[PDB]
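J.: could you work out the structure for the sequence below:
(7 chains, ligands or ions: 6)
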Amino acid sequence: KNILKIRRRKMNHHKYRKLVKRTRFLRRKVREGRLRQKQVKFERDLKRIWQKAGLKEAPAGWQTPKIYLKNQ
Amino acid sequence: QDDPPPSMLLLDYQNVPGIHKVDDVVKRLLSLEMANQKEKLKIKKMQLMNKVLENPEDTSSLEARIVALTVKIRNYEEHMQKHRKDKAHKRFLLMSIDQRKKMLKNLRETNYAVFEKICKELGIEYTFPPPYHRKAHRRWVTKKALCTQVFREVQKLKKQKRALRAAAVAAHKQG
Amino acid sequence: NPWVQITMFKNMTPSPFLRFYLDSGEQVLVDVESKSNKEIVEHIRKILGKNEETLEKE
Amino acid sequence: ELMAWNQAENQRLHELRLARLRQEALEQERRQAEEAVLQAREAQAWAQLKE
Amino acid sequence: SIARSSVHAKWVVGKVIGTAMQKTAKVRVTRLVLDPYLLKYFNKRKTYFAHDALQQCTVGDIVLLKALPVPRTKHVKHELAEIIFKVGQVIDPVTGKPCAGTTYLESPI
Amino acid sequence: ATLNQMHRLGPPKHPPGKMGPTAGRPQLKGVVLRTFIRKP
RNA sequence: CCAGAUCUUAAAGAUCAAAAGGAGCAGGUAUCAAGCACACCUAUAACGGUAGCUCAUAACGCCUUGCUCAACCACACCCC
Ligand SMILES: [Mg+2]
Ligand SMILES: [Mg+2]
Ligand SMILES: [Mg+2]
Ligand SMILES: [Mg+2]
Ligand SMILES: [Mg+2]
Ligand SMILES: [Mg+2]
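T.: Numbering: from 1, shown residues only, chains lettered A, B, ... in the order given. Ligands and ions are numbered 1, 2, ... in the order given. Sure, the structure comes next:
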């Protein structure tokens, strides 16, 4: 009966958790790896604007904070 | 803040005959002094509906309900001050602040002058519901902040580059 | 009449009516109150209609 | 000619309305009497109890 | 006799959406459109800016727009003609009396 | 569902077919690598 | 809605019709959700003044594509 659907899920979940334990630190890399792409693409997004709006420098008092890498 | 004075003689006893001759003990018993809080809220209700309204009798009047609701809100706010952890009553307050806004939108569509005067009296302000409810998140708030400042700059630069042209062409026209 | 804007407002005015805005700036006002649905239709047809002959011609 | 005919219709109907509304006013006064009587009675009762 | 506008908009009525500009009203128009699958009529909306001398339009007003003969800007092709219902103050076209909703404020007699 | 829903979602479109192994062409010219055998 | 080109002709007709527009209709995808000055006001006569505009009725993207066919749109070695 419908348990037979749940069994599949139950297994697929278990078999996933196990995986994410072994793979943990590999995972941890690739997460942060993409956060450093994010923050960069983000930056370029704004850089694009100065250069598109004709300004040479980034406007006064702009440090362009890091949102994605926010921790603690 | 208003203050329904300690001696105010609970509402249901206000208009009955032969009160003031009565001795100070019983007066003390029927005072707001010995009252529940519900009583004080009946009073606040009365006073507010006298100051604000036209026809004290109409309950169904859109105005009336706005005033009454406002009284109860003001109460939920004090109860909110003293209990900050109480989620239930936070819910009531925030539903109610809203419903009041609903009926205010009704006044503003239907009878304008009246709506106006109520907003004046009860210190309620009507802020039109802004289109597009979107959760502003860090990425967006930041990119907008930047853009706003880029604008604020390019209009400055345009201003100066045209200002030196004003100065140059005027200094050539003068001599 | 696919080119004629038809708008509808609810409960603004305590008595029901039609309005009509013509090319001239002529404002027609048709009071429909205890009228039958059919009566409104035929009344409108009367006021700004087209003669049957007009249509047939076209 | 048409517009004037329309005008006429509006006039006549307007009148019918006026008559109706007058009727409703008489009805409203009768009601107001009934209301005032019941309100007065309960005012009596409440006053009694309080005193 | 030539004064024209190439735009089909020639006369419309819409709500007044926003006041945010000087002497220019943001007015939303709504026409019925027949959805061909369902064969039903739905409200399609379109916004028009309009020009105002008095800057007289509150938000929420039912307003009559007249096409302008020569367009002011890309986005302004209209002039507010008459206010059909000023919001919150509405005087019944029939009887010429002040009203709110179903109720007259000052009745006949 | 309801009519407003059927309006907002439009009528259903019949999804374009996913091209198979031949990538849409009737046949393909090909060059042999290794002849071999498979089990059913 | 028509500038212009051409044709006819005793100056006004006619055929194409650029640009510019907008009632409405118009490929997939929302895992593309915000775009980033995209508005207006002054008729002063190119300067000033406001702080706006678009967008969940799908803006801004990305992907695929001639077409609604007495025809229409587009290209003409590539760098629109
Ligand atoms: Mg499995
Ligand atoms: Mg990743
Ligand atoms: Mg209590
Ligand atoms: Mg053309
Ligand atoms: Mg995906
Ligand atoms: Mg400027």
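J.: okay, which residue is most central for chain A?
T.: Central residue of chain A (CA atoms, centre = their mean): residue A:35, 4.4 Å from the mean position.
J.: that one: what's it in contact with?
T.: A:68-69 (CB atoms under 8 Å, 6 or more residues apart in numbering or on different chains). For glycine as for every other residue, the C-beta is placed from the backbone atoms N, C-alpha and C.
J.: what's the separation between it and residue A:25?
T.: Separation of residue A:35 from residue A:25 (CB to CB, to the nearest Å): 16 Å.
J.: kindly report the same for residue C:58.
T.: 82 Å.
J.: residues near residue B:18, how many?
T.: 7 (other CB atoms under 10 Å in any protein chain shown).
J.: so it is in which element?
T.: Following DSSP states H and E, there is no helix or strand that holds residue B:18.
J.: surely residue E:46 is in a strand?
T.: Yes: per DSSP: H, G, I helix; E, B strand; the rest coil, residue E:46 lies within a strand segment.
J.: okay, which residue is most central for chain E?
T.: residue E:63 (2.7 Å).
J.: ditto for chain B
T.: residue B:124 (3.0 Å).
J.: how far away is residue B:140 from chain D?
T.: 56 Å (CB to the nearest CB, to the nearest Å).
J.: for residue C:21, same thing?
T.: Counting by CB to the nearest CB, the gap from residue C:21 to chain D is 14 Å.
J.: then residue B:108?
T.: Taking CB to the nearest CB as the measure, residue B:108 falls 28 Å from chain D.
J.: since we're on that residue, how many residues are nearby?
T.: When counting by other CB under 10 Å, one arrives at 21 neighbours for residue B:108.
J.: give me the contact list for the helix or strand hosting residue E:78.
T.: In this assignment (DSSP H and E), residue E:78 forms part of strand E:76-85. With contact meaning CB under 8 Å, 6+ apart, strand E:76-85 is reached by C:9, C:12, C:19, C:25, E:5, E:7, E:9, E:12-13, E:24-25, E:27, E:48-52, E:56-57, E:61-68, E:71.
J.: do that strand and RNA strand G meet?
T.: Yes: residues of strand E:76-85 contacting RNA strand G under CB under 7 Å from any atom of the strand: E:76-77.
J.: who are the packing partners of the next helix-or-strand element following that strand?
T.: The element immediately downstream of strand E:76-85 (helix or strand, assigned by DSSP H and E) is strand E:90-91. Helices and strands touching strand E:90-91, by 3 or more CB pairs under 8 Å, 6 or more residues apart in numbering or on different chains; DSSP states H and E, are strand E:98-100.
J.: what comes up buried for the strand it packs on?
T.: For strand E:98-100, a neighbour-count test (16 or more other CB atoms under 10 Å in any protein chain shown) marks E:99-100 as buried.
J.: distance of the residue of chain C found nearest chain F from chain E?
T.: Closest residue of chain C to chain F, CB to the nearest CB: residue C:8 (16.8 Å). Distance, residue C:8 to chain E, using CB to the nearest CB: 9 Å.
J.: before we move on, what about residue D:35?
T.: Residue D:35 is 18 Å from chain E, by CB to the nearest CB.
J.: that residue: which element?
T.: Using DSSP H and E, residue D:35 falls in helix D:2-50.
J.: count of neighbours near the closest residue in space to residue D:51 that isn't next to it in sequence?
T.: Of all residues not flanking residue D:51 in the chain, residue B:16 sits nearest, at 5.5 Å (CB to CB, 6 or more residues apart in numbering or on different chains). The number of residues packed near residue B:16 is 15, by other CB under 10 Å.
J.: coming back round to it: just the buried residues of the contacts of strand E:76-85.
T.: C:12, E:9, E:12-13, E:24-25, E:27, E:48-52, E:57, E:61-68.
J.: residue contacts, the residue of chain E found nearest chain B?
T.: Closest approach between chain E and chain B, counting by CB to the nearest CB: residue E:88, at 2.6 Å. Shown in contact with residue E:88 (CB under 8 Å, 6+ apart): B:107-113, B:115, E:58, E:60.
J.: ok, it to RNA strand G distance?
T.: 21 Å (CB to the nearest atom of the strand, to the nearest Å).
J.: kindly report the same for residue B:82.
T.: 39 Å.
J.: just residue B:20 next, same as before
T.: According to CB to the nearest atom of the strand, residue B:20 and RNA strand G sit 58 Å apart.
J.: for that residue, grab phi and psi.
T.: phi -70, psi -20 (degrees, to the nearest 10).
J.: residue D:6 is in contact with residue C:47, isn't it?
T.: Yes: counting by CB atoms under 8 Å, residue C:47 is a contact partner of residue D:6 at 5.7 Å.
J.: joint contacts of the two?
T.: With CB under 8 Å, 6+ apart as the test, residue D:6 and residue C:47 both reach C:28, C:30.
J.: who's more crowded, the two?
T.: residue D:6 (19 against 16).
J.: so what's the more buried one up against?
T.: C:28-30, C:47.
J.: returning to what we had before: the residue nearest to the centre of chain B reaches residue B:100, doesn't it?
T.: Yes: counting by CB under 8 Å, residue B:100 is a contact partner of residue B:124 at 7.2 Å.
J.: who touches both of the two?
T.: B:66, B:70.
J.: what count of nearby residues applies to whichever residue of chain F sits closest to chain E?
T.: Going by CB to the nearest CB, chain E is nearest to residue F:11 of chain F, at 4.5 Å. Here the number of neighbours of residue F:11 (other CB under 10 Å) works out to 10.
J.: how about the one 3 residues further on?
T.: The local packing of residue F:14 (other CB under 10 Å) involves 5 other residues.
J.: close to chain B: what parts of chain E are there?
T.: In this structure, chain E approaches chain B at residues E:59-60, E:86-90, E:100-101, E:105, judged by CB under 8 Å from any CB of the partner chain.
J.: try it again with 7 Å
T.: Residues of chain E found near chain B (CB under 7 Å from any CB of the partner chain) are E:59-60, E:87-89, E:100-101.
J.: quick revisit: which two in the contacts of residue E:88 are spaced the farthest apart?
T.: Largest separation among the contacts of residue E:88 by CB to CB: B:113 and E:60, giving 15.0 Å.
J.: between the two, point out the one with more neighbours.
T.: Shown here are residue B:113 and residue E:60; by other CB under 10 Å, residue E:60 has more neighbours (18 against 12).
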